[PDB]
Ligand SMILES: Cc1cc(C)c(Nc2ccn(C3COC3)n2)c(C)c1
Ligand SMILES: [Zn+2]
């Protein structure tokens, strides 16, 4: 589990979104595994605006933050899980790292701020949903 709290937005994995998220919906994209909902309180996270390929992510199944190198956001064939059939997931970045389903939502961050959230993995591979192209997270 986990979210990004930026401005009056809450950024979650679409497959973990609650009823309250869907009732306060701003934007959702199944192909990216992303959903954004509105919040009453302002959040403290800042979004990175960059092409970093190094950063640190939170792994809940180890209670540890790991430094990683990660690929640029891409269209990547992701094998079927409990939440999605085998499909191309878009805006996905891959790194070598431990992940399990409940790690979803862990933040990846670089020197500039938040880069994305854990979305998928297995076999020592972790995939992150990028948010750095979502420039509207920084306004209104
Ligand atoms: C963060 C994270 C998210 C998901 C959904 C998984 N499990 C998945 C993904 C693809 N598979 C196929 C079915 O057996 C291989 N299982 C994992 C391990 C980590
Ligand atoms: Zn950066």
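Sequential numbering from 1, following the chain as shown.
This entry, so its header tells us, was determined using X-ray crystallography, 1.2 Å.
Note: Cβ is positioned from N, Cα and C throughout, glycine not excepted.
Here's what Swiss-Prot has on this protein:
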{"type": "ACT_SITE", "residues": "15", "note": "active site, for protease 2A activity"}
{"type": "ACT_SITE", "residues": "33", "note": "active site, for protease 2A activity"}
{"type": "BINDING", "residues": "50, 52, 110, 112", "note": "Zn(2+) 1 binding site"}
{"type": "ACT_SITE", "residues": "104", "note": "active site, for protease 2A activity"}
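Around residue 50 (Zn(2+) 1 binding site), the same-chain residues six or more apart in sequence whose CB sits under 8 Å from its CB are 110, 111, 112, 115, 132, listed in sequence order.
In this structure, the recorded positions that sit close to ligand 1, with a C-beta under 6 angstroms from any of its atoms, are 104, chosen from 15, 33, 52, 104, 110, 112. For the pair residue 15 (active site, for protease 2A activity) and residue 33 (active site, for protease 2A activity), the C-alpha distance works out to 7 angstrom.
Checking the recorded positions 15, 33, 104, 112 against ligand 2 with a 6 Å cutoff on the Cβ atom leaves 112, in sequence order. For residue 15 (active site, for protease 2A activity), other Cβ atoms within 10 Å of its Cβ number 16. Around residue 52 (Zn(2+) 1 binding site), the C-beta neighbours below 8 angstroms that are at least 6 residues distant in the chain are 110, 111, 112, 115.
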